[PDB]
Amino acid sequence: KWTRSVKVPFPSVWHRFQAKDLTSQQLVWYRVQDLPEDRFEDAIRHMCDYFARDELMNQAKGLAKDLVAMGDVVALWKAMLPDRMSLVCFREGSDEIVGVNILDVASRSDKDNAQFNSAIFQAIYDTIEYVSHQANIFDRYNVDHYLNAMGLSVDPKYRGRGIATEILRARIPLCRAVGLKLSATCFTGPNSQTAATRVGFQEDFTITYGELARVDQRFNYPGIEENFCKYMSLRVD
């Protein structure tokens, strides 16, 4: 089982960038860094407040109003956080979470047969897993591990600033530091796909939610049937 070495500084700052401040025409500095343990719950809440509400698949399934499905995704995130790989964005001058990306390491031996309480999250999970399996990352790149993710959340009052892009860009030094060659992720909506593209991720596999529903009845996403679900990969180093 892959583990992050304790010799890598923690928490480390991985990336810094300038973007529009909350109000003005003025730039300000932001950073992307390791998520400190004492901000774990804050991160979880941020994920519930925004990502759960706004991301395409979740919205199409009504996830944010469903307590059992929310309990599923939160259980998952909470299992992932102790790997110490998750990333958070702060604006210089403020301790408030701007964005967060819950990350872990996918390994060749993983069965990914996770079982959840809600039909809703089981369907989301199994959909991503189907897409991941079609992506065939381990054999395609001849690797045993890659940096994966289960959601990138950005506070709406900071959107339009390129924050998602920069949070993804931070994967590059993080992977170099922990010795991973590759990150891959299922990007579920148009702007997240745009962000990943701008960082240099390549499309591994793409398929509409309509087509996914033709693959398996459970993979039904009311209202986003023509949108694409894309597995995308980035070689670092």
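Note that residue numbering begins at 1 and tracks the sequence as displayed.
Novice: Given the B-factors recorded for C-alpha atoms, which segment has the greater mean, 207 to 215 or 62 to 70?
Specialist: The stretch with the larger average C-alpha B-factor is 207 to 215.
Novice: Out of 25 to 33 and 179 to 187, which one has CA B-factors that are higher on average in the deposited record?
Specialist: Between 179 to 187 and 25 to 33, it is 25 to 33 that shows the higher mean C-alpha B-factor.
Novice: Would you mind checking where the Cα B-factor of residue 84 ranks among the modelled residues of its chain, as the lowest, middle or highest third?
Specialist: Lowest third, going by the recorded CA B-factors of the chain.
Novice: Place residue 4 in the lowest, middle or highest third of its chain's C-alpha B-factors, as listed in the PDB entry.
Specialist: Answer is lowest: the recorded C-alpha B-factor places it there.
Novice: Classify residue 134 as lowest, middle or highest third according to the C-alpha B-factor given in the PDB entry, relative to its own chain.
Specialist: For residue 134, whose C-alpha B-factor we compare with every modelled residue in the chain, the answer is the middle third.
Novice: Grab the CA temperature factor for residue 155 from the record and place it in the lowest, middle or highest third of its chain.
Specialist: It falls in the top third of the chain.
Novice: Lowest, middle or highest third: where is residue 172 by C-alpha B factor in its chain?
Specialist: It falls in the bottom third of the chain.
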